[PDB]
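>>> how would this look folded up:
(6 chains)
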Amino acid sequence: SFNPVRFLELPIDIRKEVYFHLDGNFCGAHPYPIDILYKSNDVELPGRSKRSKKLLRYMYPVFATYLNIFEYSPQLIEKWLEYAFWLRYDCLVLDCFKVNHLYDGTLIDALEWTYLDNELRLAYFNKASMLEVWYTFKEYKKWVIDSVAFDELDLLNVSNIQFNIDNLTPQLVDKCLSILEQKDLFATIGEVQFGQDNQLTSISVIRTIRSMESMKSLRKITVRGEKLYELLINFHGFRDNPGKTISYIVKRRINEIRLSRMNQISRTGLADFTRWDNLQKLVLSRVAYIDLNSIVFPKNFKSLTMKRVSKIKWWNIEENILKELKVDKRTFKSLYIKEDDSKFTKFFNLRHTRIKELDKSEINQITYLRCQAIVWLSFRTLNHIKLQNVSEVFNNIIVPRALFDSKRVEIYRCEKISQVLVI
Amino acid sequence: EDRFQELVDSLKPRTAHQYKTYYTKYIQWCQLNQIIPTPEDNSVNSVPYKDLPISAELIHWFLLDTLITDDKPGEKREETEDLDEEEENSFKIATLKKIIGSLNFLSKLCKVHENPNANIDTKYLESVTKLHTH
Amino acid sequence: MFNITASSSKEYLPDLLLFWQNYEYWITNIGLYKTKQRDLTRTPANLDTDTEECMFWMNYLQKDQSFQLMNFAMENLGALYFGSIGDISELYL
Amino acid sequence: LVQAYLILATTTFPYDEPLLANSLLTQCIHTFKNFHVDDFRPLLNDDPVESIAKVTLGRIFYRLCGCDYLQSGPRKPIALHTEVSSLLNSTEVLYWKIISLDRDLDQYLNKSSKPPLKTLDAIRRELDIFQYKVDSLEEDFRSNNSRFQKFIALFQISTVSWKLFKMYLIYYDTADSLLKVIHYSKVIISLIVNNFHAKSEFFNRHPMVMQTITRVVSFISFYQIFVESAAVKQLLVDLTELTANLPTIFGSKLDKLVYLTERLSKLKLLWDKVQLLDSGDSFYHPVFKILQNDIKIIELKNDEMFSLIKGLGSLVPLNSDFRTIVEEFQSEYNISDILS
Amino acid sequence: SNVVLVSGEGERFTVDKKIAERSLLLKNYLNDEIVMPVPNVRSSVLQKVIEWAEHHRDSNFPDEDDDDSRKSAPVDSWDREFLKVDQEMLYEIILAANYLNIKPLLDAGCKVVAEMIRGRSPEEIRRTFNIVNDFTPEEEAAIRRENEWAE
Amino acid sequence: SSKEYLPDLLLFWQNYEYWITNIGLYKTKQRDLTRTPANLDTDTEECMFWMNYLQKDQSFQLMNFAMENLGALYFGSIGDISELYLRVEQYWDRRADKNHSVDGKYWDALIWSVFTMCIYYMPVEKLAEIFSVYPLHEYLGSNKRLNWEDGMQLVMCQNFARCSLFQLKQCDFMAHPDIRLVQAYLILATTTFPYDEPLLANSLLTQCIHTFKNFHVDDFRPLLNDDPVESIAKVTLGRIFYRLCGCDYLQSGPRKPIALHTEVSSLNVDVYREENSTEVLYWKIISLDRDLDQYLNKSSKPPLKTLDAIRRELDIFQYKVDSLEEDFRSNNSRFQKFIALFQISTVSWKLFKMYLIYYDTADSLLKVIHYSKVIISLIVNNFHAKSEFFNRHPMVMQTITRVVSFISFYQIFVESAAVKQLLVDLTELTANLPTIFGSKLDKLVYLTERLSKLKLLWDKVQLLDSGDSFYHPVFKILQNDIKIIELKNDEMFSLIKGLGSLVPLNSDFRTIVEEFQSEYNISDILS
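Residues are numbered from 1 along each chain as shown, chains lettered A, B, ... in the order given. Structure as follows:
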């Protein structure tokens, strides 16, 4: 028997570090994650009482949009529908949303607008794309936001809710945006997504774009397809398209662009962000191939994080360094590499990569600054890099000293990556 | 377990659970017709991936007997209104493409689990998809 | 200031007037008035040359000449000191 | 300190000692922002001595941002006017509005982005409004202060008008705009020459009639080099006769202005006796390269990297007929003769 | 050499230096026998923390700034067979790891509380409805009236 | 059943700290202008004596002390001092000349600022072996038996600083801006010169900002098309820039409006993370302090994501300062270790103080006590041989002021047993700090004594509840201290006295408040 009050009396750092590892899964009727359902010599298959018929007839058609996906093993659903009455009213769940909003959207990610039970209520999805918590906006402003926003007006405003089309049908996109139009809730949403599982966009995408100027609190735009990346957020050489594109006033507002799952961003010759002249961050989430010599990188952006990629080329900094100190690549690798591991190299582990470095004694302190100016000429004022899960970088990876210090570059899942030299 | 990382990465979680729902319907249809034998009754049946009979004709005959031989022996008569039937067979062709993709994914899952049976011969199902599309 | 043989076309004039809009700044604004090319190994500076110089230039101006200067400023310079010091009749004291 | 520097900046002190005046102005900005007055309006709640003090700081802040604009070089990096809004007693605020409009015009010199037409048109409507405001200032002819007041207001609004129509002529070449440039240049001449015929000769000593006449005679010489016209030639003769008759209290700057006008006159002779070339899209001429190098020499002189290298210690710095005519003209009429 | 972790009751726990530099706070404290007070931790809880560090001397933990390796890491077999203790003494272990800044003990010792908040029976979510107040009784009546029809 | 006023009283501490211990104690110089003298015959015969008092070999012994024991202070500003021995040679060559170039007088002002730093950071045992007590007392005319440790090294430090300023003022340094002005001020800023003259240091710092931004250099990375002299020039300029932002943030307040520091180390901005971490590590640990001390005067809570980010960069700079080289054969390495470790202990203390005040997280009071003991353990450790002068750097005066003021403020309202022993330990430490801080040490002792007597007043008068808010004389005295020093840090009254003939015109508890303000006035900490 778990005790909620004894949990809610201990202070807020421990509660953050509880709800950071409880990812979003507030329920006991969680689906199995999709790593054991494939790593198995077995297929879990179904094979139904007096009470469960009432729930599957009366509760279930309200939730038949987002929960018909889990029709395999319907013991999951007739376990789910007893959580579905009381889990959104739970004190642990509301405390998780309180310490989420008090730490600015860090703990559990991206509450989502949806339209179920005829209300236009919020929703929370876990990583398995299951709703668990659905709140209408009056209740969400009442008993989680106003329970932590007592008197300071820099915390009453709630502007982190995602929008996330491809969750729901385009007719429901239209009805959701109409009900969102008749209220003054465009400043409530914080980011939008894009789906659509030459220039032929879907109806829901056009409906989303034609009201995107009205937000005035929008950041963090994201798409999910290679046949949709080229159409609205890549420049592509197009300079005049009045309708169906993404309204240059609202290109200025956004902070980052997430690129969810694709094959290549440089399907054409150049994958240029010449516009979006105000974004600071960019996250490549599951793109298969990217070429760092094929992105144009706007005038002041800071972070290029990237994860789950399969092939990286690199900024080919080495080919410009070898013009400077004027050696061959074999002679460079044999003579001008020191591989120093003093103490900050050994702080973050990287037990699979071997971090290397040029010579302080065999380069005479100028053509050393030129060799560093090559690297800062090829980066063009970025700082945060964050290579997660990768494989088989083609060129060698070259990172400057001022950015490899202070943990501003960070290779996390080091399996096939190796030999990052730091200059 | 070499290819399981780029197999989960080929899909969303939502699409992976939709596909598991669709081939769970397929394996229920194969067990009620005894194409693959059930291990036991009144117990949780756990059929392997090594010995799952998948072919073009089995997928298409599943598609017949569930999706497009719409018998429904008490509720056939709800195909009168033209707009409702247009939405309903748009739903039929959408679920047709989704079940073909799900069973293609089931074939791709079973070929790595040492099952030499699941060869889809995908031009057959493309001809079926183009037939229903026409 | 432009954007082989001879020619008589006039593409030089539109880019040339835009070049005037840079030349005017760097010559008639910055170079002529706001540029004092200094040298620090050649410049003398101390506090023995200028102290008795200021003593002389304050002992030179007598008392009653200063009131004629202030009367000239009051009668003939009203559009300059009013932005800074307001009324110069308050400054006779 | 702020009051003494705003008195000294109504003379040629910020041009005989420009770096010292920039450091004095940085101290004046530091001393003015020390008091932390974010609103210069007389509020009813305060002491009526403190309201007079805030009125005093308003009328000192206007003159201080005026002298902030009039020293906007690269040798003056700390600004006060950034904390003011823009237009896009009651006579000192008029000079403030005219100088702020002059700033909104002349900020397009060093940058490359040419201004829009709607911006210059809004400046033109506001210019006509302030022209009506300046032309309505009544003045007693026996009270010399109000005459000098009206002279300052009318000369500043004529300078802003001339710069606006110069930007019309340059950035867009609007039809019937050179006539307006010649018209306002004749207005400036008819203002300055008028002061010799009324025994108020000290009106032509205010430092705006050096700045304005420098801009006007340099632009009319530069236009008479390339595009000839009889009215422009008569205007250039009038500008040269006026430049020869500016008061002697300017001293070295007047003689350097005469030198610059003479150099742009000799450059017309060099443009005439040397034929223009081409390259299909690019044009070559020695006058073009000499005018390139006249900017490049002064950008080298206002590069304070060499004083930095001298200040960091033992670091010593280790640095056809076309080129012949260019080097002979730069040896004969050097651009570094206008420096001090 | 050796350090001394003085507990909150007063006992002295001599720990090896390389083992006790798992705690980031002590490893930063050593940059001055080196004793150091740990004020809010009982002797048994500090003994459990030191036994955790004695086991996980040789193990390798994620980089403390992760999304995937820190949230989606499973607990060890020893860490799950180590925290089968009283619930209040479990929270006191978490308080001890949050004082001493031992991040992987605050990682594996706090995914257990996550596995206890989820995976609990839906009957005793209905039982634990307003154990903390969180609702007016009018809204409690409205919520219990909305789902009165099922049970 | 507890003390409920305490959160909205710690939120008041976040304002009392800024308006007493930051602005009122170190950066307030209440000057009248109808009483202050102004002459160029008093100083021109006084600084002549202070320049004739030093000799050649004494100056070279000062420079040897700088080369052996102070490399964490000048090397950011002036570079390595082996290039500066030539400048001391050229100063003693050019001593008798009568036509001084400005390029000579800037190096004279720079080496007199270096001499000021050497006098301020020298122990009294090494000082007595170099200089002589008696000619100084035969000149100044004071108490004869007033040896260096009894309050005389501060006088010679201040007078060497004033002679370096007089040699700057002979340069006409406003008319000839050069980087040696910025270097001389960055040498003088390591002393208590920014606290003996808190209005002159702000104006010299404004002149150094004007001198720096005269060069129009924003990117200190050496470009590919640069002169190989100009590359090392921009590298040294970048070191001077981050040293200048470090000595520029520490003088922020209402009497210094023009600020140079514009960047952010967490989460527009212009100039950061382009530069190699060599001695910008001293800046990066102060911007991480600026992100905490920008919420003193501000009236909004810092978001907890910002405090967690600051905690993570604290751990990163802990492991970075432990990654520094162990050059034990040079004594300046331990002093650089002490500076870059005392700064991170200071920022850790301020971080967990703001956790305790704004949010009351896990054991944050114990973390405040722990980092207070770490600050004590860094200062008491320097009481050994060869490193006694490490406790003279002005950051320990700032930090001990903040820490003993917060512990004396917290001992009043919370009856604790570890805070009491901690306060006794900091009182013993404040009575053992070096005497070269001068009057600021006595004012810190007075402020701690005033807070202790205010604790004795807290137990005396019973707390008056009123339901919605409380009432007590201690609360009104703490309200009034901020109002008095805000009245003293308002230059509008000197403006009304400056524009001309303008004249400035505008129970049980009140008796106790006025008696406590008459007996223990807050205006004693200004002078």
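
>>> my guess is residue F:410 contacts residue F:422, does it?
No - using C-beta atoms under 8 Å, residue F:410 and residue F:422 do not qualify as a contacting pair, with a distance of 9.4 Å. Every residue, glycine included, has its C-beta placed from N, CA and C.

>>> mutual contacts of the two, please.
Common neighbours of residue F:410 and residue F:422, using C-beta atoms under 8 Å, 6 or more residues apart in numbering or on different chains, do not exist here.

>>> need the helices for chain A, in chain order.
A:4-9, A:12-19, A:50-58, A:77-86, A:91-101, A:137-140, A:146-148, A:170-182, A:203-209, A:226-232, A:317-324, A:329-335, A:369-379, A:401-404 (DSSP state H).

>>> can you tell which of the ones you listed is closest to chain D?
The closest approach between chain D and any of those, judged by C-beta to the nearest C-beta, belongs to helix A:369-379 at 14.9 Å.

>>> tell me if that closest one is near chain F.
Yes - on the criterion C-beta under 8 Å from any C-beta of the partner chain, helix A:369-379 is in touch with chain F at A:369-370, A:372-374, A:376-377.

>>> now do the buried residues in that helix.
A:369-376, A:378-379 (16 or more other C-beta atoms under 10 Å in any protein chain shown).

>>> contact partners of it?
A:315-317, A:320-321, A:324-325, A:358, A:363, A:398-401, A:403, A:423, F:221-224, F:231, F:235, F:274, F:276.

>>> now stretch D:192-205
Outside stretch D:192-205, the residues that reach it (C-beta under 8 Å, 6+ apart) are C:76, D:144, D:147-148, D:151, D:209, D:213, D:242, D:245-247, D:249-250.

>>> quick one, which of these are buried?
By 16+ other C-beta under 10 Å, the contacts of stretch D:192-205 give C:76, D:144, D:147-148, D:151, D:209, D:213, D:242, D:246-247, D:250 as buried.

>>> quick one, phi/psi of the residue nearest the centre of chain F?
Nearest to the geometric centre of chain F sits residue F:394, at 4.5 Å (C-alpha atoms, centre = their mean). Taking degrees, to the nearest 10, you get phi -70, psi -20 for the backbone angles of residue F:394.

>>> and it, how far is that from residue F:436?
11 Å (C-beta to C-beta, to the nearest Å).

>>> same question, residue A:342
Distance from residue A:342 to residue F:436, by C-beta to C-beta: 37 Å.

>>> likewise for residue A:368?
42 Å.

>>> for residue F:113, same thing?
For residue F:113, the distance to residue F:436 - C-beta to C-beta - is 17 Å.

>>> what residues does chain E have near chain F?
E:24-25, E:28-29, E:31-32, E:37, E:39-40, E:64-65, E:95, E:98-99, E:101.

>>> quick one on the thing from earlier: show me the contacts of stretch D:192-205 that map onto helices.
C:76, D:144, D:147-148, D:151, D:209, D:213, D:242.

>>> which residue would be the closest one in chain F to chain C?
Closest point on chain F to chain C, by C-beta to the nearest C-beta, is residue F:103, at 3.9 Å.

>>> next one: chain D
Nearest to chain C in chain D, going by C-beta to the nearest C-beta, is residue D:145, at a distance of 2.8 Å.

>>> for that residue, what are its contacts?
So residue D:145 contacts C:75-79 (C-beta under 8 Å, 6+ apart).

>>> if we go to 6 Å?
Residues near residue D:145 by C-beta atoms under 6 Å, 6 or more residues apart in numbering or on different chains: residue C:78.

>>> what about stretch A:274-291, start to end distance?
For stretch A:274-291, the first and last residues are 16 Å from each other (C-alpha to C-alpha, to the nearest Å).

>>> try stretch F:127-146
End to end - C-alpha to C-alpha - stretch F:127-146 spans 14 Å.

>>> for that stretch, buried residues please.
F:127, F:130-131, F:136-137.

>>> same check on stretch D:326-340?
Buried, per 16+ other C-beta under 10 Å, within stretch D:326-340: D:326, D:329-330, D:333, D:335, D:338.

>>> residue D:107: which of those residues is nearest?
Using C-beta to C-beta, residue D:338 comes nearest to residue D:107 of those, at 23.7 Å.

>>> OK, contacts around the closest residue to chain B within chain C?
When you check chain C against chain B by C-beta to the nearest C-beta, the closest residue turns out to be residue C:3, at 52.0 Å. Listed by C-beta under 6 Å, 6+ apart, the contact set of residue C:3 reads residue C:15.

>>> help me confirm that it is found in a strand?
No - counting by DSSP: H, G, I helix; E, B strand; the rest coil, residue C:3 is not part of a strand but coil.

>>> how close does it sit to residue C:17?
Residue C:3 is 12 Å from residue C:17, by C-beta to C-beta.

>>> enumerate the residues of the stretch 201-350 of chain A near chain E.
residue A:348 (C-beta under 6 Å from any C-beta of the partner chain).

>>> so which residues on the stretch 201-350 of chain A come close to chain F?
A:343-344, A:347.

>>> format those residues as JSON lines; extra columns: neighbour count.
Below are those laid out as JSON lines (neighbours: other C-beta atoms under 10 Å in any protein chain shown):
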{"residue": "A:343", "neighbour count": "12"}
{"residue": "A:344", "neighbour count": "18"}
{"residue": "A:347", "neighbour count": "17"}
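
>>> distance to residue E:139 added to the residues you listed, as CSV?
CSV is the format used below for those (distance: C-beta to C-beta, whole Å):
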residue, distance to residue E:139
A:343, 57
A:344, 55
A:347, 51
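
>>> ok, the residues you listed vs residue F:31, which is closest?
Taking those together and measuring to residue F:31 by C-beta to C-beta, the closest member is residue A:344, at 48.5 Å.

>>> excluding its backbone neighbours, what's nearest whatever residue of the stretch 301-423 of chain A ends up closest to chain B?
Nearest residue of the stretch 301-423 of chain A to chain B (C-beta to the nearest C-beta) works out as residue A:308 at 6.6 Å. Excluding the flanking residues, the one nearest residue A:308 by C-beta to C-beta, 6 or more residues apart in numbering or on different chains is residue A:286, at 4.4 Å.

>>> burial count for the one you found?
19 (other C-beta atoms under 10 Å in any protein chain shown).

>>> how close does it sit to chain F?
According to C-beta to the nearest C-beta, to the nearest Å, residue A:286 stands 26 Å off from chain F.

>>> that residue and residue F:508, how far apart?
Going from residue A:286 to residue F:508 by C-beta to C-beta gives 72 Å.

>>> any idea how far stretch A:94-112 is from the chain center?
16 Å (C-alpha atoms, centre = their mean, to the nearest Å).

>>> same check, this time on stretch B:101-111
For stretch B:101-111, the distance to the chain centre is 9 Å (C-alpha atoms, centre = their mean).

>>> same question, stretch D:154-168
For stretch D:154-168 - counting by C-alpha atoms, centre = their mean - the centre lies 11 Å from the chain centre.

>>> who in chain C is up against chain F?
C:40-41, C:43-47, C:90.

>>> now go through the residues you listed and say which are in helices.
Those of those lying in helices (DSSP H): none at all.
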